[PDB]
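A short worksheet on the structure shown next.
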Amino acid sequence: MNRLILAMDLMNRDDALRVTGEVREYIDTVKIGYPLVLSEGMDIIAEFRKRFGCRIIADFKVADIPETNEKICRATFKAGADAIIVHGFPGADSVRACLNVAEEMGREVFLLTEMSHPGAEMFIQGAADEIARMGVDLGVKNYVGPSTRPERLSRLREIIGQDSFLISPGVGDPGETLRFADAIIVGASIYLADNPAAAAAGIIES
Amino acid sequence: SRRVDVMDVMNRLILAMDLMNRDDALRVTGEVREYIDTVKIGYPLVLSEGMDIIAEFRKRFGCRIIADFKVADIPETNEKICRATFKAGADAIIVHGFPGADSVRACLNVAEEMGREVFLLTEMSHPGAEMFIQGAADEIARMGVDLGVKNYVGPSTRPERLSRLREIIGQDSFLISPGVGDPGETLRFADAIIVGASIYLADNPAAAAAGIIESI
Ligand SMILES: O=c1cnn([C@@H]2O[C@H](COP(=O)(O)O)[C@@H](O)[C@H]2O)c(=O)[nH]1
Ligand SMILES: O=c1cnn([C@@H]2O[C@H](COP(=O)(O)O)[C@@H](O)[C@H]2O)c(=O)[nH]1
């Protein structure tokens, strides 16, 4: 919806439920990560799904060995998550382990190629194109890129093709980002704003 | 005492508790407490039973707890994850070094504010680690040293790489490693080895542990 995904990283149920309920008419997918889950419990995922009728992407940056990755994905889909975000840096077997569980449980995997923060240039950026092609080779259809580096985003989009689905987070220009990505992830700009719906609204009007 | 600057975990053996149900996890851990005083708990157990399981292990077994959360997000998110983890009672947290120096400093900042420890993961043990991680491992380790990191995680599956990592971090740093490898040789470089399934899936957990320590 509106090609906008809310990154709900508040750490207490009250605030999280309030802000999410307040911007519901603008977005239809909520990305829930460890800040909220480690503070309130995995049950928060099914509750969000039920109360808001939205799809949930568990942003867990899965980055372990294949056997542990299997366990994490199983617990996450059992909790009701529609998709899970997995790091590609650990290699093909760790990613394939996640894809196998997603296939068995009827869910989806999003492959994180390049990260949006400064530190990303140190090691991740140098591997991003290759990580993206690895996903293509494995048959990954969903991807996550950096909104802070449209130059990198466009390369990534070229690699994965136009049939793929790509989302990006970080500070950028909604206009130019939604030029390579199917949707942008916005967090603090909304959930810390005095008026979240307005901030969300303020964002779409671009 | 082998080292006088930092006390060894009991028998230099760390249990990786990745069972997913509270009952089985608490049972196997209580059964090997005679040989191990340090337990590594990860997401398989925490996402199945809740973060409160960490305080429960501490209360019941008096063990040291390392949260193996492979922290791998941007600085702001990393801070929130570490804060929540230390609040749950973990003595240390494992964070990935590949997302960059700022993501790591974020974790160290919280660890400092709460008086806890950060372990930096440099090279992973599985086959896929050869694709991208191994190529950056030496650099990640040097980055750790420059940031002041004193605790590291390495691969038991590759003794030659463990030695090389030990070379980079110095003899004053603390190093632990997981994966299948010979305890004897691994312990020439690592201060402690991590063992999971070989112990927790055994018919007799205490026996598997006793056996491994004798192997050494
Ligand atoms: O490269 C990446 C991958 N993921 N995220 C995540 O997307 C959200 C962005 O939120 P923000 O708009 O408040 O900074 C947060 O949950 C964050 O961990 C990034 O910021 N950058
Ligand atoms: O490079 C690494 C980093 N961490 N672990 C973790 O250490 C434990 C090893 O368990 P295992 O002995 O049963 O294979 C598991 O929790 C696993 O996620 C590895 O195996 N390799």
Side-chain angles (χ1 to χ4, degrees), chain A residues 7 9-11 33-43 58-76 78-79 85 87-97 112 115-128 130-131 134 169-170 187-188, chain B residues 16 18-20 42-52 67-85 87-88 94 96-106 121 124-137 139-140 143 178-179 196-197:
Chain A
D9 299 304
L10 286 176
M11 298 176 81
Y34 284 140
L36 188 59
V37 170
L38 299 187
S39 299
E40 297 289 359
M42 284 295 265
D43 286 354
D59 188 356
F60 292 174
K61 303 296 205 296
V62 189
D64 217 299
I65 62 173
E67 293 64 36
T68 298
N69 276 190
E70 168 189 357
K71 298 180 177 79
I72 297 175
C73 292
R74 202 167 295 284
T76 299
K78 174 181 174 186
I85 298 178
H87 265 290
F89 212 71
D93 51 354
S94 289
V95 173
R96 172 184 282 87
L112 171 56
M115 282 177 87
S116 66
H117 67 302
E121 293 253 351
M122 296 190 62
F123 309 100
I124 294 178
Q125 172 169 279
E130 294 59 42
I131 291 170
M134 171 186 71
Chain B
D18 301 312
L19 282 172
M20 297 169 78
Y43 286 136
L45 184 61
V46 172
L47 301 187
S48 294
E49 297 288 2
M51 284 288 276
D52 290 331
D68 190 358
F69 292 176
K70 305 289 197 295
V71 183
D73 218 303
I74 64 173
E76 295 71 22
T77 294
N78 278 15
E79 289 207 355
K80 305 182 171 74
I81 293 172
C82 294
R83 211 185 312 284
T85 301
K87 163 183 169 72
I94 294 175
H96 264 294
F98 78 79
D102 51 352
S103 286
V104 177
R105 193 81 62 70
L121 176 55
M124 285 172 86
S125 67
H126 68 303
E130 299 192 317
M131 285 180 75
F132 307 106
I133 292 178
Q134 196 176 60
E139 290 172 274
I140 293 171
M143 169 186 78

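Throughout, a chain's letter reflects where its sequence line sits, starting with A, and its residues are numbered from 1. The figures here come from the full heavy-atom set of this structure, side chains too, leaving out hydrogens, waters and symmetry mates.
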With chain A as the partner, which of [options] has the greatest number of non-hydrogen pairs under 4.5 Å?
{"options": "B/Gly135, B/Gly128, B/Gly42", "answer": "B/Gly128"}
{"options": "B/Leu121, B/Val46, B/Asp73", "answer": "B/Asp73"}
{"options": "B/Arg105, B/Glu130, B/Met124", "answer": "B/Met124"}
{"options": "B/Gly50, B/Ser48, B/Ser125, B/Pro127", "answer": "B/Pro127"}

For a quick test of reading the model, state the closest non-hydrogen atom pair linking B/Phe132 to A/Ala127 and the distance between them.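 Nearest heavy atoms, B/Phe132 then A/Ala127: CD2-CB, 3.7 Å.
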Closest non-hydrogen atom pair between B/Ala84 and A/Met11, with its separation: CB-CE, 4.0 Å
Cut-off 4.5 Å, heavy atoms of chain A, and the answer for B/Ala129 is backbone
Using the side-chain hydrogen bond (donor to acceptor under 3.5 Å, both in side chains) criterion, which residues pair with B/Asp68? Sequence neighbours excluded. B/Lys40, B/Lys70
Flag the pair B/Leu47 / A/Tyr34 as yes when at least one side-chain heavy-atom distance between them is below 4.5 Å, and no otherwise. yes
Run B/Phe98 and A/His87 through ring-ring contact (aromatic ring centres under 6.0 Å, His included) and show every step you take. CA-CA 11 Å; B/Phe98 78 79; A/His87 265 290; 4.9 Å; yes
Which atoms of A/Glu130 approach chain B - backbone, side chain, both or neither, heavy atom under 4.5 Å: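 Interface part for A/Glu130: both.
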For B/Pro99, does its backbone N or O pair with a side-chain atom of A/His117 as donor and acceptor, under 3.5 Å?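 Answer holds: yes.
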Using the test salt bridge (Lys or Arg N to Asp or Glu O under 4.0 Å), find all partners of B/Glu49 that sit at least two apart in sequence or belong to another chain. none
